[PDB]
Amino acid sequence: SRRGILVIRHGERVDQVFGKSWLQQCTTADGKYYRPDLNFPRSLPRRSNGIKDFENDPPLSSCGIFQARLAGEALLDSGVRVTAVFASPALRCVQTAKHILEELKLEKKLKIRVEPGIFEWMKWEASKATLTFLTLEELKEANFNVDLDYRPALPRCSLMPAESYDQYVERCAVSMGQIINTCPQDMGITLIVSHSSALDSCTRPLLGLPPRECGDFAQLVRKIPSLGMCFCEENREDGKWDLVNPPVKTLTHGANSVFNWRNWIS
């Protein structure tokens, strides 16, 4: 058998669909959560500072949960052995990981290791996002089987708001370094649930390739669909990684437009 690394982009986020005002849309006059569209999720997990810190840490939409579940179900069907799961500290990523594991039927067996070293390039994230993350206890209370004992390659408070592209790609290389060295003897698939950028930044170091030019890289991160996947396998006898077809198919689906019949006909 061949050891594998499957890098997975998170499912659809609520703010991709509902835009910058999404949080004000689902907050009642009295400050409570409600669903003004069915693509808002059933609930939000409990957090520090109430509903207000979801600002730069949006959850999956109902469609994004579906995508994540559909991919976990396909993984179950495929027969592949999944041995570890690492997630970006971003809520959307931990949730995608949770839903994949639930459909693998492994949510109890495998703990999600939260790795800030595979968080988004800080350039593209709010400066105060480092301070936005759900803590591991908050996640645990919200029913996320998070590895409380995992020691990240890059702790969340070491993320630098002004990290350059060069610094970004380096800390992804180092994180993947540690991830690969957890137990180099395991022979199943490790999941890396992260951002569009990770499908490049987390695989190129494994492939022994130089970082992509920043501009080419920026154009590539636009092209990865929700739950988009990239799969690397290690050759046992020479220790070399190669890109191969992921163990499951792509997911292609249409949009659903906003609609009100009574409005429409006036």
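The first residue of the sequence shown is number 1, and the count goes up from there.
Colleague: So 136 to 144 or 72 to 80, which one's hotter by mean CA B-factor in the entry?
Modeller: So the stretch with the higher mean C-alpha B-factor is 136 to 144.
Colleague: Looking only at CA atoms, which has the higher mean B factor in the entry: 150 to 158 or 87 to 95?
Modeller: Comparing averages over the C-alpha atoms only gives 150 to 158.
Colleague: For the listed residues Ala126, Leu191, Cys172, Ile100, which one has the largest C-alpha B-factor as given in the deposited model?
Modeller: Of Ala126, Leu191, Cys172, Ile100, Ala126 has the highest C-alpha B-factor.
Colleague: Checking the record values for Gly64, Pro36, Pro45, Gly228, which has the greatest CA B factor?
Modeller: The record points to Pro45.
Colleague: Compare the C-alpha B factor of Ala198 with those of the other modelled residues in its chain, then answer lowest, middle or highest third.
Modeller: Lowest third.
Colleague: Test of reading the entry: by CA B factor among the chain's modelled residues, which third contains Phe40?
Modeller: For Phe40, the deposited C-alpha B-factor lands in the lowest third.
Colleague: Ranking the modelled residues of this chain by C-alpha B-factor as given in the entry, is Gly177 in the lowest, middle or highest third?
Modeller: For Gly177, whose C-alpha B-factor we compare with every modelled residue in the chain, the answer is the middle third.
Colleague: Thinking about Cα B factors across the chain, which third does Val258 belong to?
Modeller: For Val258, whose C-alpha B-factor we compare with every modelled residue in the chain, the answer is the highest third.
Colleague: Quick one: classify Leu60 as lowest, middle or highest third of the chain based on its Cα B-factor.
Modeller: CA B-factor rank for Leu60: lowest third.
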